[PDB]
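First, one chain by itself: the form deposited in one PDB entry, in structure tokens.
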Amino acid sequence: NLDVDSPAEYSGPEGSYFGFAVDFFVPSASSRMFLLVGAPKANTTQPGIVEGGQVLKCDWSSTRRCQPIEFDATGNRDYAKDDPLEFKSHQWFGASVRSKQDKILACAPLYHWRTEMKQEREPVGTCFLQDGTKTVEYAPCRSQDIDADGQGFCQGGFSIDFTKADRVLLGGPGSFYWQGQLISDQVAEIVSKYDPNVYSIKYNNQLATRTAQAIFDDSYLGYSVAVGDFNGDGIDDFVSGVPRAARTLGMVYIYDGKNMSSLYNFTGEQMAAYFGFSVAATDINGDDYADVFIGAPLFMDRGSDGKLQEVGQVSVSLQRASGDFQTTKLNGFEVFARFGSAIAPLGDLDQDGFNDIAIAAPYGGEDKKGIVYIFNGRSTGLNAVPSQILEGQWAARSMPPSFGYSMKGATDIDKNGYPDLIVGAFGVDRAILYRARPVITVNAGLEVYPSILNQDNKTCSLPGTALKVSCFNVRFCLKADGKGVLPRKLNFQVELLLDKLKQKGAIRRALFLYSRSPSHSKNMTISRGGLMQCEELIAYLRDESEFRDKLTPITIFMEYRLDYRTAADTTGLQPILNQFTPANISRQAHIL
């Protein structure tokens, strides 16, 4: 409920699929932070390579200029005289980008190479790992098990992720007749064993899934990957989606992160729903136990009438100490919007104490320009009602904008204490960064010194005349606080009016003493975290000759408004009030 809507837009070359993959880059060597954007179809300067793709590093501050990062600058290598060893053209480099500290990992799933045994073109896939001043290639699937039945069509690098223990997880959905495969190698081994003159390198501590029976063919294991601990040992385990498994019902596998042993399986409910297109592992309810999110973009729901309609679905599974999972499901809101295409943990977006998650519907919204839904976690699980909707702004040139097809969060780029979000719109070659606004929590106090107004009491004196009139005191207080970077003091405009319920233009019973008015306005300045600041005003009731109604009780109503313009930081980011806290407070008092 706190993402801003005056964001920063980054544009790439036309037709480059700029924004297909997005991630943050947070080097430990400097305070600077950058965005990483993949452009799998971007033309490059590599000799003789057409649409090889590239990854661009875009800074947030300054002019917001995107510049490529040079992972590779050479054409196809030659196995022998004029017979290429590689085919980098249309390799889709940058289709997946992931970074951790100063390490950047980018992969080219459609990279074909000519095996050493035969003249071939096998999409083994390749990845490049940059860890500072040094760059190394990483192609685990470019082994000597060269065939469709082996891992020649592995397409390694289709999806990737980093574990806490500096270990990479890589998925190739094409290995072993498209059964799929998961490969995990330590970053230390990848760098230390790199050799440009060796094309099939063997890593000692590699963990890889083995081939299975022919029944499992065309399962696409490794279509998506995620990491999280699911057996309580401190080591991140591997979560992978298998959208075509179980007669296309879809499936998700969890493998032990220490020896690649199987732990759990999730199965879909509807055929062809692509259950497992996207997966995410994040703790959504304040436990040490991570929770599994699974997307089914094509799930068909049954409306009020019995007719099915394609809306998409996301499955939320809360991990329990006993190893069981408690599962609930979110259905999409629009037909053919493909809700659940991308899932991105946001961290604690509003610092509520529970992590939050974003789910994308890249083809929903008006004009089908894309929608992103923000959900807030709760101690009981995920809150099923989205707290915010982000809408794509750019119209299609020749392809759906796909705003929300790729997302990434959980990183605070401007160091305001709240994590931000990057959304990709590769359909129009744009990526947009949304910054989280600081959240202010306000507590309002309001009371009247006498609970019941007796009219025979005439203690107060009418100012400016000798009349004595029955009176009472109304005291209102305002206290505000909030985490993160906020100004020390905030300006609130407090509006007071009484007899609110009967304000149909008729007579008013109560009135303020000094102002001779039924309403009052005060600009109040309050400091964060301080004690309840209070002010008091004296109000009185009119004489019996003015009104007849002794039945309806007198009501006091209070409304306060934050001055966002002044509270904005130097960069123009305005705070926001907490969603649940009411914007008004009122109290009743009887007349006797």
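Residue indices: 1-based, along the sequence shown. In this text, the rigid core denotes the largest set of C-alpha atoms whose superposition between the two forms falls within 1.5 Å.
The following text describes the form deposited in another entry, which does not appear among the structures shown.
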Answer among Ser89, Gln130, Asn331, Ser517 for the CA shift between this form and the one not shown that reaches 2 Å or more, rigid core superposed: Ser517
C-alpha of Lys258 moved at least 2 Å between this form and the one not shown on rigid core: no
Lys483 C-alpha shift between this form and the one not shown of 2 Å or more, rigid core reference: yes
C-alpha of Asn76 off by 2 Å or more between this form and the one not shown on rigid core: yes
